[PDB]
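Presented below is the structure to which this report refers.
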Amino acid sequence: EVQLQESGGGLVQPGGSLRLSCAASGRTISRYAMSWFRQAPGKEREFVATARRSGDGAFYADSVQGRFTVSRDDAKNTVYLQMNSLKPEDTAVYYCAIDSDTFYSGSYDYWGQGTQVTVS
Amino acid sequence: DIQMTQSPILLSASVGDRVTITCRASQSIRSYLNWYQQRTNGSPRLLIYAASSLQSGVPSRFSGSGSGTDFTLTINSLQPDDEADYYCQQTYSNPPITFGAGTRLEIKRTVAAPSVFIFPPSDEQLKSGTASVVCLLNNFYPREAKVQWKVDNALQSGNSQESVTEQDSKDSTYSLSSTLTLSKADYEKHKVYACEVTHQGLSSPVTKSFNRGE
Amino acid sequence: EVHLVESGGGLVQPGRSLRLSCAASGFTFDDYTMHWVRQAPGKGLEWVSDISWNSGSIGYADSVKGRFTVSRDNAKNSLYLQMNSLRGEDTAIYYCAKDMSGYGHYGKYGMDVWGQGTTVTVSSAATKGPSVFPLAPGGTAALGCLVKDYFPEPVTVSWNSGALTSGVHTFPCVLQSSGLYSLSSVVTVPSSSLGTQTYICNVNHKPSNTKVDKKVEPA
């Protein structure tokens, strides 16, 4: 079925920028909202951003509003999280997930394995 | 009859944004297309007639374009007061004058996951033949959410109704109630009552449950 | 100022009749086309009927043709809608609206003036007050009251005789399959307040003179 693969993470200085990619294989994802989540070690997983279907917009967590931007490359079956103005508090494993519900209720059935982001 | 197809159903945008609402006629209506605004609990208000003529008294941030079959209403700078339903209307073919099905325009905010609460039926209600089990999803954004009822781990279908509040004017969130209605007899056959909630702000569904009589 | 006001809405049994009026002021009513438009609970606008200045042109939506009759009396600046054989799908708020066009007024065909509307409810239900049931209760608890099986709208719910307003959500009613309405009213309060403070919901249903207080206490 679908496999999700995150990339683009790594070590970055405070104030720096990274672009995460979430590439989907096995199934076309242009009909589904794609979300970004993050989890620091031993903390709760938290929502970061969602890119709904092209034309339906994007929504953001308060912690990243004005700094991170979600976008889609539907032809390459991929979505992105552009992360500017990175802060120590942003360090975490970052995950992408498909919302399997086309009406956007947040049925997150498929997840990537994650990619580490370290700001320091 | 000319059918009017209006899109999107729910337009979520930020103050200052340029927004557009579309209205496609099923056959040509020339420039005989009107646009109305309806605030919650208010009367329709004419914004645009003849496809692009701005009605007197309506702010200049409202404009309409189009001819024939394809029309758009643009708010070039969304303001707080523009939260409302919007309707297109053709008058070329009469009878009947027809309307689009409506667009709700709302002001976007950051994501807030619902807080969930489950409430069992009261002894008082049960004495009388019916059991109402209530699940509350409180203070969340965006509006889309899914509630699933499970009774002794069996998923329920067809015996629930939902009601949603209007977007809160202070904090821009929604709340939602899902009520599961059973006969008292059916309610008393089971032990565990669970309300399972999904929202795009939740990484895993949130389940609240009670054990009957405990 | 230009003004329209609808009157004549109310409860009606299916199959029965009702007459709506629309009183106009602030413009020359005799010169303009007038319209009836309706909006079912939670639904969009639906055009019903129109009538030209001199009553020579009349149109009807197919769903009402043969049951509804539009008319006007220009001497009394009034528009009318006689509704017969009412069905449950005629339940709606009925608006009268002024056309921009009419006698000597050509080329603009928006509906520029609207009334506040008059509510029509087609139902077999009898008038009945709600039953009121407690919705019993991190650092935040929720408690409430279920307000069930009342007819017609509205009910009002207050908490602690109006002293408690922050964090209250009184949901919009739902029409149940039985033909009766229900809603819940909930409130979020400190979980620490559950042992020390008293929460009472005060339900008022004026059509039936029902007043019910319900103490909402932990189980």
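Rundown of residues vs (1) under 30 Å from C:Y32 (Cβ atoms); (2) facing chain B (nearest Cβ under 7 Å); (3) in contact with a helix residue (DSSP H, G or I) (Cβ under 8 Å, 6 or more places away or on another chain), yes/no style:
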{"residue": "C:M111", "(1), (2), (3)": "yes, yes, no"}
{"residue": "C:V120", "(1), (2), (3)": "yes, no, yes"}
{"residue": "C:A126", "(1), (2), (3)": "no, no, no"}
{"residue": "C:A142", "(1), (2), (3)": "no, yes, no"}
- If you check B:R61 against the conditions, is it more than 22 Å from the chain's Cα centre (by Cα) and not hydroxyl-bearing (S, T, Y)? yes
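This table checks each residue for (1) assigned to a loop (DSSP other than H, G, I, E, B); (2) basic (K, R); (3) within 19 Å of the chain's Cα centre (by Cα).
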residue	(1), (2), (3)
C:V5	no, no, yes
C:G9	yes, no, yes
C:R19	no, yes, yes
C:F27	yes, no, no
- Item | Of residues in segment A:26-44 being part of a loop (DSSP other than H, G, I, E, B) and surrounded by 15 or more Cβ atoms within 10 Å (Cβ to Cβ), the one farthest from the other protein chains (Cβ to nearest Cβ) | A:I29
- Note on the structure: Considering residues that are facing another protein chain (nearest Cβ under 8 Å) and either surrounded by 23 or more Cβ atoms within 10 Å (Cβ to Cβ) or within 12 Å of B:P44 (Cβ to Cβ) (or both), the number found within segment C:94-108 is 2
- Query: Considering B:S203, B:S128, B:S122, B:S115, which residue is at negative phi, of a type in the set (G, A, S) and out of contact with any strand residue (DSSP E or B) (no Cβ under 6 Å at 6 or more places or on another chain)?
  - Reply: B:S128
- Query: Using beta carbons and a limit of 6 Å, which pairs, at least six apart or on different chains, have the first residue in segment C:192-207 and over 14 Å from C:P137 (Cα atoms) and the second one acidic (D, E)?
  - Reply: C:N202/C:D213
- Message: For segment C:168-205, give me each residue that is of a type in the set (S, T, Y) and closer than 11 Å to C:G144 by Cα.
- Response: C:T170, C:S184, C:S185, C:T188, C:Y199
- Would you check which residues across segment C:189-213 are of a type outside the set (A, V, I, L, M, F, W, C) and buried (at least 21 other Cβ atoms within 10 Å of the Cβ) and list them? C:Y199, C:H205
- Message: The conditions are (1) away from chain C (no Cβ under 13 Å); (2) in contact with a strand residue (DSSP E or B) (Cβ under 8 Å, 6 or more places away or on another chain); (3) surrounded by fewer than 18 Cβ atoms within 10 Å (Cβ to Cβ), and B:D82 fails exactly one of them. Which is it?
- Response: (3)
- Task: Taking C:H169 as the residue in question, decide whether it is farther than 20 Å from B:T165 by Cα and either of a type in the set (G, A, S) or surrounded by 12 or more Cβ atoms within 10 Å (Cβ to Cβ) (or both).
- Result: no
- Could you please find all residues in segment B:177-199 being within 14 Å of chain A (Cβ to nearest Cβ) and touching an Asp or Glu at 6+ places or on another chain (Cβ under 6 Å)? B:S178
- Identify, please: which residue in segment B:107-128 is closer than 14 Å to B:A145 by Cβ and more than 8 Å from chain C (Cβ to nearest Cβ) and is, among those, farthest from the chain's Cα centre (by Cα)? B:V116
- Subset of segment B:175-205 (residues that are in contact with a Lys or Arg (Cβ under 8 Å, 6 or more places away or on another chain), over 28 Å from A:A49 (Cβ atoms) and in a loop (DSSP other than H, G, I, E, B)): B:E188, B:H190, B:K191
- Message: I need the full set of residues from segment B:16-55 which are of a type in the set (G, A, S), facing another protein chain (nearest Cβ under 10 Å) and part of a strand (DSSP E or B), in order please.
- Response: B:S53
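A quick yes/no check of all residues on (1) surrounded by fewer than 21 Cβ atoms within 10 Å (Cβ to Cβ); (2) of a type in the set (S, T, N, Q):
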position	(1), (2)
B:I97	no, no
B:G102	yes, no
B:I107	yes, no
B:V116	no, no
B:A131	no, no
B:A145	no, no
B:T165	yes, yes
B:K170	yes, no
B:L180	no, no
- Item | Number of the exception - B:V58 against (1) surrounded by fewer than 16 Cβ atoms within 10 Å (Cβ to Cβ); (2) assigned to a strand (DSSP E or B); (3) among the aliphatic types (A, V, I, L, M) | (2)
- Looking only at segment C:144-157, decide whether some residue is part of a loop (DSSP other than H, G, I, E, B), within 14 Å of another protein chain (Cβ to nearest Cβ) and among the acidic types (D, E). yes
- If we only count strands (runs of 3 or more DSSP E) wholly inside segment B:66-174, which ones have 2 or more residues that are within 30 Å of B:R30 (Cβ to Cβ)? B:70-75, B:84-90, B:103-107
- Looking at C:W47, C:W53, which one is under 22 Å from B:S43 (Cα atoms) and of a type in the set (A, V, I, L, M, F, W, C)? C:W47
- Item | Failed item in (1) of a type outside the set (S, T, N, Q); (2) part of a loop (DSSP other than H, G, I, E, B); (3) surrounded by 14 or more Cβ atoms within 10 Å (Cβ to Cβ), with C:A219 passing the rest | (3)
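Bear in mind that the values in this text are calculations on the coordinates, not laboratory data. When we count neighbours, we look across all protein chains shown, and the Cβ atoms used for this are built from the backbone with ideal geometry, even at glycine.
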